[PDB]
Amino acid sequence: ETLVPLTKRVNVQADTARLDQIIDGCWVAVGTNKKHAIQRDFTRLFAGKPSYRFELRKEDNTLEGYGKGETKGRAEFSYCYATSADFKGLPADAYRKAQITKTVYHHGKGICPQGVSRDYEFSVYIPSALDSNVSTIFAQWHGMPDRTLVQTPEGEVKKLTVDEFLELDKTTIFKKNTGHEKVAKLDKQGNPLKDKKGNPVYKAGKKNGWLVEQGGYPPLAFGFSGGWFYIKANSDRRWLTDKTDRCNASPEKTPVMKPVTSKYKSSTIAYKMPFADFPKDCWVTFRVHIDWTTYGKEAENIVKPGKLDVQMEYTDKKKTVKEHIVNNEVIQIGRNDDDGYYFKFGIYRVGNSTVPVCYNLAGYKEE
């Protein structure tokens, strides 16, 4: 068993991870559960231990993108998840409410709070086989939207109690951030569907004007796009993220350290290099220090800017290379939410791409 499929998947926002779903005592897996998607790899060791091999084939996009008719793919590890143990000592009804609000992971480990600096390390192994036109994020620092923060059809942004949000959810169903009239699904004969428990299968009817906070660009992403390796930092100071504000820097086009800005957002390419110059068939180790932008919540102001530092190290052609590729740069990075940020690595295939992706990741540490 040179490669061992790891097919267990956790909906980290809406479910606790079972102990049997946890990988190496510190990870859970998200995205498509194909056997090939994620495998423990004993043929590509790092620091004397198995690495994780991630693979998305052409047909492996399972998710919908923002664009019309666009798709995306995901096979990732999350360092943030909650377990049964995390709910001990909370009210009995806490887990159920957490499922509905999608706040389960709020109760788990691996969250860097708002405003708290943290250092991170991880290593990546890019096969020579990897296509230069891949469109994939291989490591990202993800935010945690405020789950009872809503916008009414009339345009008022407000945060509700959990109980009030549960009331709203009786007649509104949210698809991502977008509210729709809640209805029950019919079969192809026009007869109501019942689920495994005998309940109606709820479905999104017409859009009803409601919004809830959901999604948004990741504060920090390492990836490849358009024949470029890139590191991109995003900031969003708006209390309720506006998903229609598509402030996103292009690795291809946007010059290094020249932020693309809207009223509320900023998107900075902190570093880039041609794909051809990225070392292949060797472990590349990144050491990342992050000082998050701080925000004023309902005031929507940036209190203090952030900072990013990145060192890159690898051994290639009988030479060890160490490059200070992000040299302690003042940068806007984070999201205006209550909760902070969590680390993921693997494959997140974006930009409406089905170009195959396969590489390995290992050696993660945060402190």
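Numbers for residues come from their place in the sequence shown, where the first is 1.
S.K.: Averaging CA B factors per stretch from the PDB record, which one is higher: 243-251 or 211-219?
M.R.: Per the PDB entry, the higher value belongs to 243-251.
S.K.: I need to verify one thing: averaged over C-alpha atoms only, is the B-factor higher for 152-160 or for 83-91?
M.R.: Mean CA B-factor is higher for 83-91.
S.K.: From 144, 284, 112, 184, which pick has the Cα B-factor that tops the rest in the entry?
M.R.: Answer, based on the entry's C-alpha B-factors: 184.
S.K.: Can you pull the Cα B-factors for 335, 53, 322, 57 from the entry and say which is highest?
M.R.: Highest C-alpha B-factor among the listed options: 322.
S.K.: Sort the modelled residues of this chain by their C-alpha B factor and say whether residue 121 lands in the lowest, middle or highest third.
M.R.: Answer is middle: the recorded C-alpha B-factor places it there.
S.K.: Please place residue 77 in the lowest, middle or highest third of its chain according to the CA B-factor in the PDB entry.
M.R.: Ranked within chain, residue 77 CA B lands in the lowest tercile.
S.K.: Would you check the entry's CA temperature factor for residue 107 and let me know if it's in the chain's lowest, middle or highest third?
M.R.: Residue 107: CA B-factor falls in the middle third of its chain.
S.K.: Mind checking which third residue 293 falls in for C-alpha B-factor across the chain?
M.R.: For residue 293, whose C-alpha B-factor we compare with every modelled residue in the chain, the answer is the middle third.
S.K.: Taking the chain's C-alpha temperature factors as the reference, tell me which third residue 303 falls into: lowest, middle or highest.
M.R.: Highest third, going by the recorded CA B-factors of the chain.
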